[PDB]
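One structure below.
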Amino acid sequence: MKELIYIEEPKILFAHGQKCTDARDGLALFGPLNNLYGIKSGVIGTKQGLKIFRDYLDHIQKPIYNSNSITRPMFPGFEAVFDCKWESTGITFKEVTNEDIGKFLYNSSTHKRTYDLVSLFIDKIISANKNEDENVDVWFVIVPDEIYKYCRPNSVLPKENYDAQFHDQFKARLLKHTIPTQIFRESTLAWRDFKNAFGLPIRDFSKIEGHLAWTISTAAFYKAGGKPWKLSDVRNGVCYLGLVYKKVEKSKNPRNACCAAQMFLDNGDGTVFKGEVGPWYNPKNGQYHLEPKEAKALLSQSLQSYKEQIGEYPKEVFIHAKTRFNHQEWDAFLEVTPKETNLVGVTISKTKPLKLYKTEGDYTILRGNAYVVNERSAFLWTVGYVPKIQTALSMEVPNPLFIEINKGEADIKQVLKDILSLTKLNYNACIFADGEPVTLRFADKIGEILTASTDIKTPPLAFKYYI
Amino acid sequence: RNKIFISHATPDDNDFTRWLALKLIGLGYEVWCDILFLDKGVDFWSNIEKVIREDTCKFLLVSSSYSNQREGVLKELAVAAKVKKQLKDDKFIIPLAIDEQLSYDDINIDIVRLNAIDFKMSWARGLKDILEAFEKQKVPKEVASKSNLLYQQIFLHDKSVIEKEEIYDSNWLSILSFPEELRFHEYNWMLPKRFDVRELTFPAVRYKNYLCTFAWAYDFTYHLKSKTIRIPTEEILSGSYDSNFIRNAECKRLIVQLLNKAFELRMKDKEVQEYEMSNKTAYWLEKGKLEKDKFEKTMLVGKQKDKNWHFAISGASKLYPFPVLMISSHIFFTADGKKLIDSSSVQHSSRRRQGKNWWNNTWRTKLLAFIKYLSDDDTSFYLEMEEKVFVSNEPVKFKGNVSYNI
DNA sequence: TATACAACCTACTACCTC
RNA sequence: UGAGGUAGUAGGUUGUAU
Ligand SMILES: [Mg+2]
């Protein structure tokens, strides 16, 4: 017999100073935080891709309904939500012919084909950025399904320095120019026409169309420079940081690159959420612990960024990771940290197999239920049942996060509240919440993009150039 | 009379007034405000007076710090009071408190007595209150699906949990009784101290120069005092032991290895085949082992179309926070009742297809049935090392103070 | 240098639903 | 890669003794 505590659902701040718990409800009822006047889009691909993009953009403007609106709120139209214009009349189209695609698409090798396709798609972007007089907010790269299927690291042809992934290499090669691009698939916007066996579409968006519209609109609005929502219950000068380690694979010797994501509250009552980059490297294979010098450099850079943004030093700095810090790297961390600042290192994992089944009901466990094992351990149900939407966020019994304070002293309830609030800042999607904290997820995205190339020297901190 | 008149300070309270007017129009009502419906080139004060006198059925008054002593708002309020007196309608004037900086003692007396609607905390809760008041007062409304959807969204936006206790069943099998002590046998003889380490009938692994086991020295005679230390289990579970002979964490690792080996060997003798995974091992029952695959009416083993699926349990002992066994559930597909498939992709795809229509109730029922069938007595089952460890067949329970009502 | 395992780590798919 | 979730398949590291 054990006791579970309940963590109150956090709120996110929308326009007019109004708070809500659901991003879709707050965006439909109130609207985004900031006002940008319009979105000018640049489309790349074949003429069929342009027609598909124009058709989807025209379809977006009118309201779209889901099959069951009690779980997925309907999309009321882009202008009726974001009070800004994203139309098909402001499209700067760059043409990519099928012959050019097929010149390198059907050729041999997996690294050369992807490199050539990425070069063909990216030279147009660079030239139109430098040698054209039209201002483009977001560049929408429509990729035919053949390129998506045939540009995987483990892909095999159907019997006739850079990563083999099309998306990661494409985003890495575009870092020196700071061009926010959204990669779309033809089957994503034209799912109704990509049938498989007897006219049945490969992907069924019939009952989802509203949610797809919500996600696409939110991503486009964020990449264009808009602020859809912000956290309302952020604490004092405390700063949250998150470290994620990645393998640089067979590029240049066994190496591990660590990338960080940073969040805090500025003096303008908003939220600063960017990335600490310059992936710090470790030459030892299989070790995910930062060397002392690189750890000191990381903490010094993050502290300097916070001091420049605010004007003083943070009261306490929380650190999240999927691994457990050792003593040497923690001592290196503390050597730089000022006395007034309190260092807390927290480890969040999703590996402990603790499944809770409801005794009678057919639904899963309520989201937010927490099992405090002891002072420095807890099990948090970030994914589960949400009373507002009469369905769970998972399919089977969800797995809970195992949050354990590795280093330093801090209240476990406060840590759980901070993590549950951090899980609300996913701008890559318009959902209720996600299991993983957004800091770790965005550090994951940043690392998996920055590990796809080696020519990057000073990567940008903003998130619109990665997500 | 179907209009809803909205009064406000025009150059200071436009945002909330426009928001409320558009929301009310979207819900099927007909509203009148001077920022959206006043015409150009018209005598505006006479038009406002005529609208108040002959058109409005309700009079919403945005009461804030700006409009508390605004002359136009006061004139409209006075005319509204006269019209309410003529109409004998007590609920004609509804003040909406949208400002938290307006003290209760500073509100003008004409609307102090009236029951306002709180908009300071949240505009959505205030809109819900407005909708409830309008529905109760039978305010005329002329809507078709869009209005209903918006109304449902506004009502449901604030849905939350209820403080009702609930009981959750986990998948952790707790440990009740541990053996008297952990045995270290300093033999070093008997074929390089039992060089097999993987064939003895009772669980045991080799330490530096000792064998760690809960069994006696005269029990491995089929495949094969001076036993020192002999640490008790109760004293070492609390982690109060030290010294250079063996570290406490290494002791915990040794004992958890012992329970894992015991769990493997005990029910490897149950004449039940197993499945090999990437990192662990899972064990599923055969088609003919159960008569007839309905243990406690739980439908343990079935078939999808022509392939037979089997429920499997994979167990592993752990000591953190306190000694229990974590057991997980899997689904394994075989063409026949007793066979195996080497196609990993087909097995995975069919498993994902089978797991899409089970849900929490079926998962818990099958898990409990499998864990009850593996039992050896009324309320537990024992593992053998000449000693025995009793493991409860009922998983531990969790209590929550909040829940929902479907 | 290999065993064996306890305790952790990432990389890459296939599937289902929002 | 519109986005999450749950699985499966692989490899690696540390420590404990030979
Ligand atoms: Mg995205």
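Residue numbers (the deposited numbering), protein chains in the order written: chain F, 1 to 160, 201 to 507; chain G, 2 to 144, 147 to 227, 235 to 395, 398 to 418.
Using N, Cα and C, we set each Cβ at its ideal position, and we do this for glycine too.
Proximal residues to residue i (C-beta, below 8 Å), its chain only, five neighbours per side dropped
| i | result |
| --- | --- |
| G:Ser-390 | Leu-179, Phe-402, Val-403, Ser-404 and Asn-405 |
| F:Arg-275 | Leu-305 and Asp-458 |
| F:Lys-247 | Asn-66, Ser-67 and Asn-68 |
| F:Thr-377 | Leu-339, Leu-343, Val-357 and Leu-383 |
| F:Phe-234 | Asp-145, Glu-226, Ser-227, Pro-241, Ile-242 and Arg-243 |
| G:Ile-112 | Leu-62, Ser-64, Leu-78, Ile-94 and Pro-96 |
| F:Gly-318 | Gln-341, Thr-498 and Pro-499 |
| G:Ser-150 | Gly-27, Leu-28 and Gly-29 |
| G:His-226 | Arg-197, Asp-199, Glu-202, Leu-203 and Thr-204 |
Residue range of the unbroken alpha helix (DSSP H) whose run includes residue i
| i | result |
| --- | --- |
| F:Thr-387 | Run containing F:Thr-387: none in the alpha helix (DSSP H); it sits in the beta strand (DSSP E), 382 to 389. |
| F:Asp-474 | Element bounds for F:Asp-474: n/a, residue is neither H nor E. |
| G:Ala-259 | 258 to 278 |
| G:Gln-155 | 148 to 159 |
| G:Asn-371 | 369 to 383 |
| G:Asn-15 | 15 to 27 |
| F:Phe-206 | 206 to 213 |
| G:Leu-247 | 243 to 247 |
| G:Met-287 | Run containing G:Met-287: none; DSSP gives neither H nor E here. |
| F:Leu-339 | 332 to 349 |
| F:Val-357 | Looking at the DSSP string, F:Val-357 is not in any alpha helix (DSSP H); the run it does join, the beta strand (DSSP E), is 356 to 361. |
Other residues of its chain near residue i: CB distance less than 7 Å, five sequence neighbours each side excluded
| i | result |
| --- | --- |
| F:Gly-77 | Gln-61, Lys-62 and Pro-63 |
| G:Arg-71 | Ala-10 |
| F:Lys-211 | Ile-489 and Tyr-506 |
| G:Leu-295 | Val-282, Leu-310, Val-311 and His-320 |
| G:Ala-81 | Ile-53, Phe-60, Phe-93 and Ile-94 |
| F:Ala-260 | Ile-39, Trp-86, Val-138 and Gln-222 |
| G:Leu-275 | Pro-206 |
Neighbourhood of residue i by C-beta distance below 6 Å, restricted to the same chain and skipping five residues each side
| i | result |
| --- | --- |
| G:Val-408 | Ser-173, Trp-175 and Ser-177 |
| F:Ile-445 | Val-386 and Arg-416 |
| F:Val-413 | none |
Residues that residue i bridges to, as DSSP identifies them
| i | result |
| --- | --- |
| G:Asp-119 | G:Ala-98 |
| F:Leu-4 | G:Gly-412 |
| F:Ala-297 | F:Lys-286 and F:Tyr-321 |
| G:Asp-172 | F:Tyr-397 and G:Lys-409 |
| F:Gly-38 | F:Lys-85 |
| F:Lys-263 | Bridge partners of F:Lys-263: none, in fact. |
| G:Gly-312 | G:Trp-319 |
| G:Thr-57 | G:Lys-4 |
| G:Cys-34 | Per DSSP, none; premise fails for G:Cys-34. |
| G:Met-336 | G:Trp-175 and G:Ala-326 |
Nearest-angstrom Cβ-Cβ length linking residue i and residue j, presumed shorter than 8 Å
| i | j | result |
| --- | --- | --- |
| F:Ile-147 | F:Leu-229 | Not a contact, Cβ separation roughly 15 Å. |
| F:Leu-271 | F:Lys-464 | 6 Å |
| F:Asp-25 | G:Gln-156 | 7 Å |
| G:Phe-187 | G:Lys-237 | 6 Å |
| F:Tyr-467 | F:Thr-258 | 7 Å |
| F:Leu-406 | G:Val-200 | The Cβ separation is near 47 Å, so there is no contact. |
| F:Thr-92 | F:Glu-134 | 5 Å |
| F:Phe-53 | F:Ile-142 | 6 Å |
Where the beta strand (DSSP E) containing residue i begins and where it ends
| i | result |
| --- | --- |
| G:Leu-393 | 390 to 394 |
| G:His-188 | 186 to 188 |
| G:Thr-216 | 214 to 216 |
| F:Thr-221 | 221 to 225 |
| G:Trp-294 | 291 to 294 |
| F:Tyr-150 | No beta strand (DSSP E) holds F:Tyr-150; the alpha helix (DSSP H) holding it covers 145 to 150. |
Members of the stretch 4 to 18 of chain F near chain G, C-beta cut-off 7 Å
Within the stretch 4 to 18 of chain F, the residues whose Cβ lies closer than 7 Å to some Cβ of chain G are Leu-4, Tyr-6, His-16 and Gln-18, listed in chain order.
Which residues, taken in chain order from the stretch 436 to 461 of chain F, show a beta carbon closer than 9 Å to some beta carbon of chain G?
Residues passing the 9 Å Cβ filter: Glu-436 and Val-437.
Can you give me, in chain order, the residues of the stretch 167 to 186 of chain G that have a beta carbon less than 8 Å from any beta carbon in chain F?
Of all residues in the stretch 167 to 186 of chain G, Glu-169, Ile-170, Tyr-171, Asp-172, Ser-173, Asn-174 and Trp-175 have a Cβ within less than 8 Å of some Cβ in chain F.
Along the stretch 349 to 376 of chain G, what residues have a CB closer than 8 Å to any CB found in chain F?
Cβ contacts with chain F: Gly-365, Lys-366, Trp-368, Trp-369, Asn-370, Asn-371, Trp-373 and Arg-374.
Given a limit of 9 Å on CB to CB distance, which residues of the stretch 388 to 410 of chain F reach chain G?
Taking a C-beta cut-off of 9 Å against chain G, the contacting residues of the stretch 388 to 410 of chain F are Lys-392, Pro-393, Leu-394, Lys-395, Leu-396, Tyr-397, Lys-398, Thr-399, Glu-400, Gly-401, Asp-402, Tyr-403, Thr-404, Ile-405, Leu-406, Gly-408 and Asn-409, listed in chain order.
Can you list, in chain order, the residues of the stretch 252 to 277 of chain F whose Cβ is nearer than 7 Å to any Cβ on chain G?
Under the 7 Å Cβ criterion, the stretch 252 to 277 of chain F contributes no residue.
Taking a Cβ distance cut-off of 7 Å, strictly less, list which residues of the stretch 35 to 65 of chain F are near chain G, in chain order.
Cβ contacts with chain G come from no residue of the stretch 35 to 65 of chain F.
Give me the subset of the stretch 55 to 88 of chain G whose CB atoms are less than 7 Å from a CB atom of chain F, sorted by chain position.
For the stretch 55 to 88 of chain G, which is checked against every Cβ of chain F, not one residue is closer than 7 Å.
Contacting positions in the stretch 226 to 247 of chain F - beta carbon closer than 7 Å to chain G
Taken residue by residue, none of the stretch 226 to 247 of chain F has a beta-carbon sitting less than 7 Å from a beta-carbon on chain G.
At a Cβ cut of 7 Å, what residues of the stretch 311 to 340 of chain G count as close to chain F, listed as they run along the chain?
Those would be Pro-331, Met-336 and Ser-338, in chain order.
Taking Cβ-Cβ distances below 7 Å as the criterion, which residues of the stretch 277 to 306 of chain F are in contact with chain G?
Answer set for the stretch 277 to 306 of chain F: empty.
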